[PDB]
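Only one chain comes next, encoded as structure tokens, the form deposited without nicotinamide (NCA).
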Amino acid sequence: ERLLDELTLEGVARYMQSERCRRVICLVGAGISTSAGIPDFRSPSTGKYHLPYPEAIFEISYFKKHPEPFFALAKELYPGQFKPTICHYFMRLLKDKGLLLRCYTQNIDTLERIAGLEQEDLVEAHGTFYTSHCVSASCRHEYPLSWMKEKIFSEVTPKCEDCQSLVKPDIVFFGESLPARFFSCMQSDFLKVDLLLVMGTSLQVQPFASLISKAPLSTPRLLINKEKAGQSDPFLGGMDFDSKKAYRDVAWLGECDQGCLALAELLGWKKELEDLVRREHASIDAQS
């Protein structure tokens, strides 16, 4: 009856290599970047400016009035290196094998782009640090990450070279809307998906979580995550891994890198993935 012959990683791999599985959507969160040294900051467990309410450091109005706290925090939090993980390059391999329909990401850390996913491949649901824009509606001059980095480390508040307005990283602040691309792509992609690969997200933040209920009822959904997630909340189309009615949802519990390695091994891609990661990491390590 069901597309998966068994509710295991092996069943998912067999399905992926069957002619039935042509279009994969990845939904990813902070768990795919922790092994790169990027901490999960939506986690309250990780991490003077006289804010009227602390969220003002991420609220667009306060930023526009008092941007210095945000850029001081950005200097403190700036990564020492931008090296994507095995998981990121697994998605690049999906792209190379012609299986990747779209990667929806909650992360702003740019590692999807560094790993070789193109803008067309990506829905950065919470924005990105990869580009920044002048905040003046009549200008909107775009600046790359290197320019913003120089400004941040020199502790100069970044101003537009054309109009001297503030320049803001393209992350979604409080009081801003989610990008229209998120809804536009969701409405089209989920008519087309054969497999949902959910990696490194607890599916707790909305509307990003509700994406899993946009899949067709037959579409298998594989969670690769440290903890099970996405099931219906006993208090309030959720994941069903374990009931007798379960038919399409699979949980692989562990680090995202190790799960992607296990899946690649099942697919016969482990050598390809190892070679890609080793060469890309070497290229990043060698940046002079």
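Between two forms, the rigid core is the largest collection of C-alphas that superpose within 1.5 Å. In this text, residue numbers run from 1 along the sequence as written.
The following text describes the form solved in complex with nicotinamide (NCA), which does not appear among the structures shown.
- None of 89 to 97, 189 to 197, 102 to 110, 115 to 123 except one has non-hydrogen atoms within 4.5 angstroms of nicotinamide (NCA) in the entry with it bound; the exception is 102 to 110.
- Contact between residue 41 and nicotinamide (NCA) in the entry with it bound is found at the 4.5 Å heavy atom cutoff.
- Contact check for residue 77: a non-hydrogen atom falls within 4.5 Å of nicotinamide (NCA) in the entry with it bound.
- By the criterion of a heavy atom within 4.5 Å, residue 30 is counted among the residues contacting nicotinamide (NCA) in the entry with it bound.
- Contact annotation for 245 to 280: no residue has a non-hydrogen atom within 4.5 angstroms of nicotinamide (NCA) in the entry with it bound.
- Candidate set 131, 110, 106, 202; criterion, C-alpha shift of 2 Å or more between the shown form and the other one after rigid-core fit; matching residue, 131.
- A movement of the C-alpha atom of residue 97 falling short of 2 angstroms is seen between the shown form and the other one when the two forms are aligned on their rigid core.
- When the rigid core is held fixed, the Cα atom of residue 218 travels less than 2 angstroms between the shown form and the other one.
- Relative to the superposed core, residue 179 shifts its CA atom by less than 2 Å between the shown form and the other one.
- Distance between the C-alpha atoms of residue 42 and residue 123: longer by at least 3 Å in the entry with it bound than in the displayed form.
- Compared with the form shown here, the Cα atoms of residue 41 and residue 202 move at least 3 Å closer together in the entry with it bound.
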